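For reference, the structure discussed in these notes is given below.
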Amino acid sequence: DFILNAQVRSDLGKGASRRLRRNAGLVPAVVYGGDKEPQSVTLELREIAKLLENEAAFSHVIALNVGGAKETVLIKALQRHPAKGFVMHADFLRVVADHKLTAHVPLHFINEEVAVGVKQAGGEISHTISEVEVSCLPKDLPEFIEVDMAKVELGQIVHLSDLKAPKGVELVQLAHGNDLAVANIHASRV
Amino acid sequence: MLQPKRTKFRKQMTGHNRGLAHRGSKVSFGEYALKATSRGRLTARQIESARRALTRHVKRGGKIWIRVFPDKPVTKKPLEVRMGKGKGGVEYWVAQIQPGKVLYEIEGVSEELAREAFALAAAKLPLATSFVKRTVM
Amino acid sequence: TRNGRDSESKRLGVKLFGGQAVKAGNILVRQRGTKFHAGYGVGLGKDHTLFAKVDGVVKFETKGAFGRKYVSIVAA
Amino acid sequence: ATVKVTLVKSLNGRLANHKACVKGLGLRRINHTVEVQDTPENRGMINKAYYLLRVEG
RNA sequence: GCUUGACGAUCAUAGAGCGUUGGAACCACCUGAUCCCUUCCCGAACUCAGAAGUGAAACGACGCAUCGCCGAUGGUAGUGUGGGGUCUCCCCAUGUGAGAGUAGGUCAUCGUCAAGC
RNA sequence: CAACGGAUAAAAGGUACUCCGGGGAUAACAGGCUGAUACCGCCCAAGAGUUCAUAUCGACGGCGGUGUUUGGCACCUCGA
RNA sequence: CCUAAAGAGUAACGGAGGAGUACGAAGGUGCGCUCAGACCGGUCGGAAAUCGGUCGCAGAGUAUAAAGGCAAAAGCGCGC
RNA sequence: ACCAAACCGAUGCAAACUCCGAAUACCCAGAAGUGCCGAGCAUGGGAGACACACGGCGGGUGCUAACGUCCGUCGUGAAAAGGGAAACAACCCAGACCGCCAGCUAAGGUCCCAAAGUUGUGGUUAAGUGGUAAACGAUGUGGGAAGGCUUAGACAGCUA
Ligand SMILES: [Mg+2]
Ligand SMILES: [Mg+2]
Ligand SMILES: [Mg+2]
Ligand SMILES: [Mg+2]
Ligand SMILES: [Mg+2]
Ligand SMILES: [Mg+2]
Ligand SMILES: [Mg+2]
Ligand SMILES: [Mg+2]
Ligand SMILES: [Mg+2]
Ligand SMILES: [Mg+2]
Ligand SMILES: [Mg+2]
Ligand SMILES: [Mg+2]
Ligand SMILES: [Mg+2]
Ligand SMILES: [Mg+2]
Ligand SMILES: [Mg+2]
Ligand SMILES: [Mg+2]
Ligand SMILES: [Mg+2]
Ligand SMILES: [Mg+2]
Ligand SMILES: [Mg+2]
Ligand SMILES: [Mg+2]
Ligand SMILES: [Mg+2]
Ligand SMILES: [Mg+2]
Ligand SMILES: [Mg+2]
Ligand SMILES: [Mg+2]
Ligand SMILES: [Mg+2]
Ligand SMILES: [Mg+2]
Ligand SMILES: [Mg+2]
Ligand SMILES: [Mg+2]
Ligand SMILES: [Mg+2]
Ligand SMILES: [Mg+2]
Ligand SMILES: [Mg+2]
Ligand SMILES: [Mg+2]
Ligand SMILES: [Mg+2]
Ligand SMILES: [Mg+2]
Ligand SMILES: [Mg+2]
Ligand SMILES: [Mg+2]
Ligand SMILES: [Mg+2]
Ligand SMILES: [Mg+2]
Ligand SMILES: [Mg+2]
Ligand SMILES: [Mg+2]
Ligand SMILES: [Mg+2]
Ligand SMILES: [Mg+2]
Ligand SMILES: [Mg+2]
Ligand SMILES: [Mg+2]
Ligand SMILES: [Mg+2]
Ligand SMILES: [Mg+2]
Ligand SMILES: [Mg+2]
Ligand SMILES: [Mg+2]
Ligand SMILES: [Mg+2]
Ligand SMILES: [Mg+2]
Ligand SMILES: [Mg+2]
Ligand SMILES: [Mg+2]
Ligand SMILES: [Mg+2]
Ligand SMILES: [Mg+2]
Ligand SMILES: [Mg+2]
Ligand SMILES: [Mg+2]
Ligand SMILES: [Mg+2]
Ligand SMILES: [Mg+2]
Ligand SMILES: [Mg+2]
Ligand SMILES: [Mg+2]
Ligand SMILES: [Mg+2]
Ligand SMILES: [Mg+2]
Ligand SMILES: [Mg+2]
Ligand SMILES: [Mg+2]
Ligand SMILES: [Mg+2]
Ligand SMILES: [Mg+2]
Ligand SMILES: [Mg+2]
């Protein structure tokens, strides 16, 4: 369940933050958004990493319990160690009932084995992007955009404008006059 | 053997190789990647030799990306030659590698088949390597 | 080797910095081109040298359109 | 208002800046103590040469 | 207190793009080339003499963040001093601290004078 | 007067027949540091081996050892 | 110009390029004007000449290398 | 059916690229204190020296080889003894006016050679690791967070 526990962070800087990761096993974090001042918090490393193997971790709303108070936020950005890969810093964006928010939503490709371009002409699938940028009110934020490739002939290109979004969801990039390809079917490599 | 088609200058200083790779450390194109954990530099004969070993194992579908380009010329002074009298001629091209840099990527194959393919490539490279998948962020 | 040539260094740069007291005729900046433009009380030489026509204090302000950098002299 | 400063390490091999910082408080030899007033200018020479001095406060 | 015109302060949070809108006075377009003046040809530009027309264009005002431009907090990189290590590189104590990105902001704000309302 | 602070207006070579003052401030031999090179091992395994990667070999690449060859440096020795 | 470590200066038989001139107007001053390039239409030239229009703002130019500059243009034209 | 300027989006690199951009260093002004009683500057008498070495940091060259070579900036030696690093110019501590059969400390140390804890508490190692090493290999062993099966019978064995 999408729950996080955080404690208020008072000591800042490089020396204090390097101590949190080394000694206490914690992670610094930020809570900005809404109409409120940013608040600095810290949370356990083994708990933030436990939430991050859910598929809809960044596409679902979280109830972050800070000390004894509670509030509704969404994972906005995430910093990772370039070599080891563990999370080093995370910032949350507050959620307001009447306010549009942007998010990164993964793509589920379905019935690939049913694709026409594969059985008949012996093609190959190549997903080009596995996520999109959306913009919707928090009441109708989707967990995943489902892309269907059953009826795709060999050599066909699937763009953003070819898929279907739920009620009240915008594709951002499409709105800006740039519909970049999602997937394709191509002949075998050799 | 990769090398630039043409360069502005023929030679370069040795320089230094410091820091980590905060740029070029994500799986951008494929779904599984080979990441670098130690620093060093790949000599464009290792990059080719590790690509041959990787595509030969799969040899059924799939797509493969190379994310490292060797674009730093290095020289050697011939044998039985004193010190000085100019700078030596260019011998080969290398790519500077920092910890965390992603080297190869692949998709269109099984998750397990990627592991045997990257283990065959990792044995031809003079640095420690890691296997990573792609995350949303 | 077919490379061993260079030229003597010309000692260019800012000679008097901001807040300093100038006397008339003092040389302020030595330049190639006009990296600094002459402001109030400052003249330009025939090799883009900034000197002082009055006495006072170096200012070093950037202003106006084109985003230039001006050297001027203000009352001490 | 007044601080006790004692030199506890040698001045051999230090930077010329740090030698001048210890000499500016009045210290001459090891285990010498001096009672200097607690001014920001004096406090700034203690902090520049903190690793050589013991401050009793 | 408002509109117009001239001169400045400041150089995009001040720009570009889109839409609406003004002619009583001012301005522009405008009429004509006798006269002053002009075109390496030409009244296009410059100049002169004006008063039938029109706010079409240009210009001013008012709207919209679409592009541009500004832009936190937090974290990260680097770094002076002292000390360490497995020493081509990094770590600790202390001081300092970006660039990029994110939340967001922006369709400016003033002075003098002259004609009117 | 470009050998560009320009020795004179005006100037090339040989010495194994050689000579003096000096130098390990500087070379040839041997010693030292290094280890590109050389030699000896090891890692991965496409392939050869009728089929079978490792009985025997082993491409393309990688990691070391020894001071052992050709070198690099010029630390000792030119009152041997 | 880089090395050169954000004041100056800074070495190597280090990495790259130029000079040993030109101009009586290519100098002074007053007045006037903006480029390269793309696209559209147009008699032979035709991808590219001369012409008209739209876009553009310096991707042009600067006697001569490169660096730093250039709208009061330091760029281009004319009279004296 | 190969190739495709140009544009759109993602994605790396640069000593001789820059829409940006520090810490230090540097220049100036004003202030308290300290200075060995001076520091600064000027003018005169006398010089020596213009073969440098290594260690740390920033670099070129070499093979990010050399007790290699060439620069910038600190420290030491040169011209510096004493204690430590077994011995060991250049490393760490510390700068010797003379005498004492007095005490306290620095670096480094406290079983015997050989001065001082066979000191106290909680763990690890079985390799004489400590007391020389790399890719790579291995049911060596300690700690930690989670998983997959499992009395509808799990894993090894054994019978079809
Ligand atoms: Mg720090
Ligand atoms: Mg180098
Ligand atoms: Mg980078
Ligand atoms: Mg040279
Ligand atoms: Mg040169
Ligand atoms: Mg020089
Ligand atoms: Mg003049
Ligand atoms: Mg001394
Ligand atoms: Mg010292
Ligand atoms: Mg007219
Ligand atoms: Mg910050
Ligand atoms: Mg900061
Ligand atoms: Mg910022
Ligand atoms: Mg001569
Ligand atoms: Mg000479
Ligand atoms: Mg000279
Ligand atoms: Mg002779
Ligand atoms: Mg002879
Ligand atoms: Mg002979
Ligand atoms: Mg003789
Ligand atoms: Mg002799
Ligand atoms: Mg010698
Ligand atoms: Mg000599
Ligand atoms: Mg011998
Ligand atoms: Mg020898
Ligand atoms: Mg000997
Ligand atoms: Mg076979
Ligand atoms: Mg050896
Ligand atoms: Mg030998
Ligand atoms: Mg030898
Ligand atoms: Mg020498
Ligand atoms: Mg001899
Ligand atoms: Mg003898
Ligand atoms: Mg003898
Ligand atoms: Mg500097
Ligand atoms: Mg400089
Ligand atoms: Mg020198
Ligand atoms: Mg020449
Ligand atoms: Mg000119
Ligand atoms: Mg034309
Ligand atoms: Mg102008
Ligand atoms: Mg640079
Ligand atoms: Mg350049
Ligand atoms: Mg005295
Ligand atoms: Mg004297
Ligand atoms: Mg000399
Ligand atoms: Mg000398
Ligand atoms: Mg020297
Ligand atoms: Mg020397
Ligand atoms: Mg030396
Ligand atoms: Mg170097
Ligand atoms: Mg060095
Ligand atoms: Mg190097
Ligand atoms: Mg030496
Ligand atoms: Mg060395
Ligand atoms: Mg040095
Ligand atoms: Mg001597
Ligand atoms: Mg000594
Ligand atoms: Mg000793
Ligand atoms: Mg020893
Ligand atoms: Mg001893
Ligand atoms: Mg005692
Ligand atoms: Mg002790
Ligand atoms: Mg004893
Ligand atoms: Mg005991
Ligand atoms: Mg032992
Ligand atoms: Mg041993």
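Simple scheme: letters A, B, ... for chains in structure tokens order, numbers from 1 for residues in each chain, numbers from 1 for ligands in the order shown.
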Can you tell me which residues surround region 8-20 of chain D at a distance of at most 8 Å, considering only C-alpha atoms (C1' of nucleotides), apart from same-chain residues fewer than 3 positions away, and format the answer as a PDB file with N, CA and C atoms (P, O5', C5', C4', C3', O3' and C1' of nucleotides), in the first residue's frame?
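Below is the file that was written, selection.pdb:
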ATOM      1  N   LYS D  23      51.416  34.661  15.194  1.00  0.00           N
ATOM      2  CA  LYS D  23      52.226  35.783  15.645  1.00  0.00           C
ATOM      3  C   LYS D  23      51.396  37.033  15.899  1.00  0.00           C
ATOM      4  N   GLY D  24      50.221  37.146  15.277  1.00  0.00           N
ATOM      5  CA  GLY D  24      49.386  38.316  15.463  1.00  0.00           C
ATOM      6  C   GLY D  24      48.584  38.326  16.741  1.00  0.00           C
ATOM      7  N   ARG D  29      55.995  30.652  21.590  1.00  0.00           N
ATOM      8  CA  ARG D  29      56.550  29.319  21.771  1.00  0.00           C
ATOM      9  C   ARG D  29      55.444  28.384  22.241  1.00  0.00           C
ATOM     10  N   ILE D  30      55.764  27.092  22.327  1.00  0.00           N
ATOM     11  CA  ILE D  30      54.771  26.099  22.714  1.00  0.00           C
ATOM     12  C   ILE D  30      54.434  26.253  24.190  1.00  0.00           C
ATOM     13  N   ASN D  31      53.166  26.012  24.529  1.00  0.00           N
ATOM     14  CA  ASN D  31      52.627  26.106  25.882  1.00  0.00           C
ATOM     15  C   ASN D  31      52.592  27.534  26.405  1.00  0.00           C
ATOM     16  N   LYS D  48      41.543  30.754  11.789  1.00  0.00           N
ATOM     17  CA  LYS D  48      42.423  30.477  10.663  1.00  0.00           C
ATOM     18  C   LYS D  48      43.529  29.508  11.051  1.00  0.00           C
ATOM     19  N   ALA D  49      43.891  29.461  12.328  1.00  0.00           N
ATOM     20  CA  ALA D  49      44.934  28.580  12.842  1.00  0.00           C
ATOM     21  C   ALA D  49      44.395  27.742  13.991  1.00  0.00           C
ATOM     22  N   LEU D  52      46.391  24.497  15.569  1.00  0.00           N
ATOM     23  CA  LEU D  52      47.599  24.698  16.350  1.00  0.00           C
ATOM     24  C   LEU D  52      47.328  25.148  17.775  1.00  0.00           C
ATOM     25  N   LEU D  53      46.142  25.674  18.056  1.00  0.00           N
ATOM     26  CA  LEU D  53      45.856  26.363  19.301  1.00  0.00           C
ATOM     27  C   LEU D  53      44.783  25.631  20.085  1.00  0.00           C
ATOM     28  N   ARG D  54      44.817  25.801  21.403  1.00  0.00           N
ATOM     29  CA  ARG D  54      43.761  25.342  22.295  1.00  0.00           C
ATOM     30  C   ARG D  54      43.084  26.557  22.914  1.00  0.00           C
TER      31      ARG D  54
ATOM     32  P     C H  74      54.454  29.935  -3.012  1.00  0.00           P
ATOM     33  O5'   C H  74      53.865  28.920  -1.943  1.00  0.00           O
ATOM     34  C5'   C H  74      54.663  28.467  -0.868  1.00  0.00           C
ATOM     35  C4'   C H  74      54.107  27.211  -0.257  1.00  0.00           C
ATOM     36  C3'   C H  74      55.065  26.445   0.633  1.00  0.00           C
ATOM     37  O3'   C H  74      55.179  26.988   1.933  1.00  0.00           O
ATOM     38  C1'   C H  74      54.058  24.951  -0.870  1.00  0.00           C
ATOM     39  P     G H  75      56.632  27.222   2.567  1.00  0.00           P
ATOM     40  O5'   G H  75      57.086  25.767   3.009  1.00  0.00           O
ATOM     41  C5'   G H  75      56.373  25.068   4.014  1.00  0.00           C
ATOM     42  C4'   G H  75      56.861  23.654   4.160  1.00  0.00           C
ATOM     43  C3'   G H  75      58.355  23.465   4.320  1.00  0.00           C
ATOM     44  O3'   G H  75      58.826  23.747   5.623  1.00  0.00           O
ATOM     45  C1'   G H  75      57.555  21.930   2.741  1.00  0.00           C
ATOM     46  P     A H  94      55.231  19.280  16.297  1.00  0.00           P
ATOM     47  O5'   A H  94      56.739  19.593  16.692  1.00  0.00           O
ATOM     48  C5'   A H  94      57.181  19.493  18.035  1.00  0.00           C
ATOM     49  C4'   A H  94      58.685  19.513  18.133  1.00  0.00           C
ATOM     50  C3'   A H  94      59.367  20.830  17.823  1.00  0.00           C
ATOM     51  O3'   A H  94      59.301  21.752  18.892  1.00  0.00           O
ATOM     52  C1'   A H  94      60.507  19.088  16.726  1.00  0.00           C
ATOM     53  P     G H  95      59.651  23.296  18.642  1.00  0.00           P
ATOM     54  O5'   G H  95      61.233  23.319  18.636  1.00  0.00           O
ATOM     55  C5'   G H  95      61.954  24.341  17.969  1.00  0.00           C
ATOM     56  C4'   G H  95      63.356  23.886  17.669  1.00  0.00           C
ATOM     57  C3'   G H  95      64.410  24.986  17.638  1.00  0.00           C
ATOM     58  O3'   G H  95      65.631  24.476  18.156  1.00  0.00           O
ATOM     59  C1'   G H  95      64.374  23.865  15.566  1.00  0.00           C
TER      60        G H  95
END
Got a sec to check which residues lie within 12 Å of ligand 19, using only C-alpha atoms (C1' of nucleotides) and all ligand atoms, and send them as a VMD selection string? chain F and resid 14 to 18
Which of chain A DSSP labels strand (DSSP E), written as a ChimeraX atom specification: /A:3-8,26-33,39-44,62-66,69-80,87-94,101-110,124-127,131-136,145-148,157-158,183-186
For the residues in the current selection, export C-alpha atoms as a PDB file, in the first residue's frame.
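The result, written out as out-v4.pdb:
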ATOM      1  CA  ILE A   3       2.193   4.761   2.483  1.00  0.00           C
ATOM      2  CA  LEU A   4       5.377   6.539   3.555  1.00  0.00           C
ATOM      3  CA  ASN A   5       6.623   7.721   6.946  1.00  0.00           C
ATOM      4  CA  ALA A   6       8.956  10.707   7.208  1.00  0.00           C
ATOM      5  CA  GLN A   7      10.431  12.826   9.988  1.00  0.00           C
ATOM      6  CA  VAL A   8      11.188  16.539   9.848  1.00  0.00           C
ATOM      7  CA  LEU A  26      18.013   7.565   5.915  1.00  0.00           C
ATOM      8  CA  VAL A  27      17.295   9.616   2.792  1.00  0.00           C
ATOM      9  CA  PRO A  28      16.718  13.391   2.509  1.00  0.00           C
ATOM     10  CA  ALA A  29      13.531  14.575   0.840  1.00  0.00           C
ATOM     11  CA  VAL A  30      11.484  17.642  -0.099  1.00  0.00           C
ATOM     12  CA  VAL A  31       7.742  18.331   0.085  1.00  0.00           C
ATOM     13  CA  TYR A  32       6.782  21.271  -2.127  1.00  0.00           C
ATOM     14  CA  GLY A  33       3.662  22.115  -4.092  1.00  0.00           C
ATOM     15  CA  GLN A  39       9.224  21.342   3.884  1.00  0.00           C
ATOM     16  CA  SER A  40      12.343  19.223   4.352  1.00  0.00           C
ATOM     17  CA  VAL A  41      11.866  15.661   5.611  1.00  0.00           C
ATOM     18  CA  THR A  42      13.819  12.420   5.868  1.00  0.00           C
ATOM     19  CA  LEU A  43      12.723   8.814   5.503  1.00  0.00           C
ATOM     20  CA  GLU A  44      14.064   5.276   5.761  1.00  0.00           C
ATOM     21  CA  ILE A  62       0.750   8.436  -1.910  1.00  0.00           C
ATOM     22  CA  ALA A  63      -0.266   9.409   1.639  1.00  0.00           C
ATOM     23  CA  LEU A  64       2.967  10.638   3.235  1.00  0.00           C
ATOM     24  CA  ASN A  65       2.760  10.613   7.046  1.00  0.00           C
ATOM     25  CA  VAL A  66       5.202  13.297   8.229  1.00  0.00           C
ATOM     26  CA  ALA A  69       0.579  14.910  10.217  1.00  0.00           C
ATOM     27  CA  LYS A  70      -0.607  13.443   6.910  1.00  0.00           C
ATOM     28  CA  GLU A  71      -0.838  14.764   3.373  1.00  0.00           C
ATOM     29  CA  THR A  72      -1.342  13.738  -0.237  1.00  0.00           C
ATOM     30  CA  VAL A  73       1.688  13.861  -2.554  1.00  0.00           C
ATOM     31  CA  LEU A  74       3.089  12.296  -5.724  1.00  0.00           C
ATOM     32  CA  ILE A  75       6.634  11.264  -6.661  1.00  0.00           C
ATOM     33  CA  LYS A  76       7.929  14.048  -8.908  1.00  0.00           C
ATOM     34  CA  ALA A  77      11.670  13.402  -9.264  1.00  0.00           C
ATOM     35  CA  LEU A  78      14.148  10.870  -7.938  1.00  0.00           C
ATOM     36  CA  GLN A  79      17.944  10.926  -7.607  1.00  0.00           C
ATOM     37  CA  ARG A  80      19.997   7.732  -7.796  1.00  0.00           C
ATOM     38  CA  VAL A  87      18.082   6.237  -4.264  1.00  0.00           C
ATOM     39  CA  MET A  88      19.862   9.304  -2.871  1.00  0.00           C
ATOM     40  CA  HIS A  89      17.167  11.996  -2.831  1.00  0.00           C
ATOM     41  CA  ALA A  90      13.457  12.201  -3.611  1.00  0.00           C
ATOM     42  CA  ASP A  91      11.088  15.150  -3.900  1.00  0.00           C
ATOM     43  CA  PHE A  92       7.306  15.004  -3.638  1.00  0.00           C
ATOM     44  CA  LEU A  93       4.728  17.248  -5.276  1.00  0.00           C
ATOM     45  CA  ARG A  94       1.671  18.044  -3.181  1.00  0.00           C
ATOM     46  CA  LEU A 101      -0.552  17.944 -12.309  1.00  0.00           C
ATOM     47  CA  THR A 102       1.857  16.285 -14.722  1.00  0.00           C
ATOM     48  CA  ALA A 103       3.178  12.757 -14.328  1.00  0.00           C
ATOM     49  CA  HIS A 104       5.068   9.975 -16.079  1.00  0.00           C
ATOM     50  CA  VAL A 105       2.787   7.025 -16.832  1.00  0.00           C
ATOM     51  CA  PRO A 106       4.077   3.661 -18.117  1.00  0.00           C
ATOM     52  CA  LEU A 107       2.760   1.926 -21.224  1.00  0.00           C
ATOM     53  CA  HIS A 108       1.372  -1.625 -21.285  1.00  0.00           C
ATOM     54  CA  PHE A 109       1.607  -3.344 -24.661  1.00  0.00           C
ATOM     55  CA  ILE A 110      -1.103  -5.997 -24.928  1.00  0.00           C
ATOM     56  CA  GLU A 124       9.316  -7.835 -34.964  1.00  0.00           C
ATOM     57  CA  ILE A 125       8.059  -5.379 -32.335  1.00  0.00           C
ATOM     58  CA  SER A 126      10.199  -2.495 -31.086  1.00  0.00           C
ATOM     59  CA  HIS A 127       8.847  -0.310 -28.298  1.00  0.00           C
ATOM     60  CA  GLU A 131       6.339   6.166 -20.732  1.00  0.00           C
ATOM     61  CA  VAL A 132       4.457   9.353 -21.567  1.00  0.00           C
ATOM     62  CA  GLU A 133       3.914  12.744 -19.961  1.00  0.00           C
ATOM     63  CA  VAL A 134       0.298  13.421 -19.015  1.00  0.00           C
ATOM     64  CA  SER A 135      -1.619  16.294 -17.427  1.00  0.00           C
ATOM     65  CA  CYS A 136      -4.867  15.613 -15.584  1.00  0.00           C
ATOM     66  CA  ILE A 145      -2.006   3.824 -20.649  1.00  0.00           C
ATOM     67  CA  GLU A 146      -2.902   0.613 -22.466  1.00  0.00           C
ATOM     68  CA  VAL A 147      -1.633   0.432 -26.055  1.00  0.00           C
ATOM     69  CA  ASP A 148      -3.080  -2.240 -28.335  1.00  0.00           C
ATOM     70  CA  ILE A 157       4.189   3.128 -37.157  1.00  0.00           C
ATOM     71  CA  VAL A 158       2.237   3.811 -33.959  1.00  0.00           C
ATOM     72  CA  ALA A 183       6.248   1.521 -31.429  1.00  0.00           C
ATOM     73  CA  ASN A 184       6.714  -0.097 -34.825  1.00  0.00           C
ATOM     74  CA  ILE A 185       6.958  -3.398 -36.675  1.00  0.00           C
ATOM     75  CA  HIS A 186      10.101  -4.083 -38.679  1.00  0.00           C
TER      76      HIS A 186
END
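Between CA of residue 59 (chain C) and CA of residue 74 (chain C) lies a distance of 6.8 Å.
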Please check which protein, DNA or RNA residues sit within 12 Å of ligand 38, counting only C-alpha atoms (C1' of nucleotides) and all ligand atoms, and write them as a PDB file with N, CA and C atoms (P, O5', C5', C4', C3', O3' and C1' of nucleotides), in the first residue's frame.
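Below you can see result39.pdb, which holds the result:
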ATOM      1  N   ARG C   2      57.946  20.719 -36.117  1.00  0.00           N
ATOM      2  CA  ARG C   2      57.853  21.908 -36.955  1.00  0.00           C
ATOM      3  C   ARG C   2      56.924  22.920 -36.310  1.00  0.00           C
ATOM      4  N   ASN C   3      57.143  23.190 -35.022  1.00  0.00           N
ATOM      5  CA  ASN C   3      56.141  23.875 -34.220  1.00  0.00           C
ATOM      6  C   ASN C   3      56.656  24.961 -33.290  1.00  0.00           C
ATOM      7  N   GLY C   4      57.956  25.090 -33.056  1.00  0.00           N
ATOM      8  CA  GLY C   4      58.414  25.863 -31.913  1.00  0.00           C
ATOM      9  C   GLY C   4      58.392  27.375 -32.016  1.00  0.00           C
ATOM     10  N   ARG C   5      57.210  27.985 -32.012  1.00  0.00           N
ATOM     11  CA  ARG C   5      57.094  29.430 -32.125  1.00  0.00           C
ATOM     12  C   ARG C   5      56.019  29.955 -31.186  1.00  0.00           C
ATOM     13  N   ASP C   6      56.225  31.177 -30.710  1.00  0.00           N
ATOM     14  CA  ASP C   6      55.256  31.901 -29.898  1.00  0.00           C
ATOM     15  C   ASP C   6      55.663  33.368 -29.916  1.00  0.00           C
TER      16      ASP C   6
ATOM     17  P     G G  17      48.982  23.293 -38.852  1.00  0.00           P
ATOM     18  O5'   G G  17      49.333  24.823 -38.605  1.00  0.00           O
ATOM     19  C5'   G G  17      49.457  25.739 -39.679  1.00  0.00           C
ATOM     20  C4'   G G  17      48.771  27.041 -39.360  1.00  0.00           C
ATOM     21  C3'   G G  17      49.256  28.258 -40.124  1.00  0.00           C
ATOM     22  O3'   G G  17      48.720  28.345 -41.428  1.00  0.00           O
ATOM     23  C1'   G G  17      49.111  28.791 -37.841  1.00  0.00           C
ATOM     24  P     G G  18      49.520  29.120 -42.582  1.00  0.00           P
ATOM     25  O5'   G G  18      49.562  30.624 -42.064  1.00  0.00           O
ATOM     26  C5'   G G  18      50.384  31.592 -42.694  1.00  0.00           C
ATOM     27  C4'   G G  18      50.372  32.895 -41.941  1.00  0.00           C
ATOM     28  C3'   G G  18      51.459  33.884 -42.313  1.00  0.00           C
ATOM     29  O3'   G G  18      51.198  34.609 -43.498  1.00  0.00           O
ATOM     30  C1'   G G  18      51.372  33.699 -39.982  1.00  0.00           C
ATOM     31  P     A G  19      52.425  35.082 -44.415  1.00  0.00           P
ATOM     32  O5'   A G  19      53.197  36.131 -43.509  1.00  0.00           O
ATOM     33  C5'   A G  19      52.598  37.366 -43.161  1.00  0.00           C
ATOM     34  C4'   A G  19      53.556  38.251 -42.411  1.00  0.00           C
ATOM     35  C3'   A G  19      54.851  38.587 -43.115  1.00  0.00           C
ATOM     36  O3'   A G  19      54.708  39.562 -44.127  1.00  0.00           O
ATOM     37  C1'   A G  19      55.304  38.031 -40.881  1.00  0.00           C
ATOM     38  P     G G  20      55.555  39.423 -45.481  1.00  0.00           P
ATOM     39  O5'   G G  20      56.889  40.227 -45.177  1.00  0.00           O
ATOM     40  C5'   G G  20      56.879  41.314 -44.266  1.00  0.00           C
ATOM     41  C4'   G G  20      58.267  41.759 -43.907  1.00  0.00           C
ATOM     42  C3'   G G  20      59.255  41.796 -45.072  1.00  0.00           C
ATOM     43  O3'   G G  20      60.011  43.004 -45.036  1.00  0.00           O
ATOM     44  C1'   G G  20      60.155  40.547 -43.274  1.00  0.00           C
ATOM     45  P     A G  65      44.521  36.023 -44.078  1.00  0.00           P
ATOM     46  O5'   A G  65      45.334  34.883 -43.324  1.00  0.00           O
ATOM     47  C5'   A G  65      44.672  33.949 -42.491  1.00  0.00           C
ATOM     48  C4'   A G  65      45.566  33.483 -41.376  1.00  0.00           C
ATOM     49  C3'   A G  65      44.946  33.491 -39.992  1.00  0.00           C
ATOM     50  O3'   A G  65      44.180  32.326 -39.745  1.00  0.00           O
ATOM     51  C1'   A G  65      47.123  34.438 -39.920  1.00  0.00           C
TER      52        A G  65
END
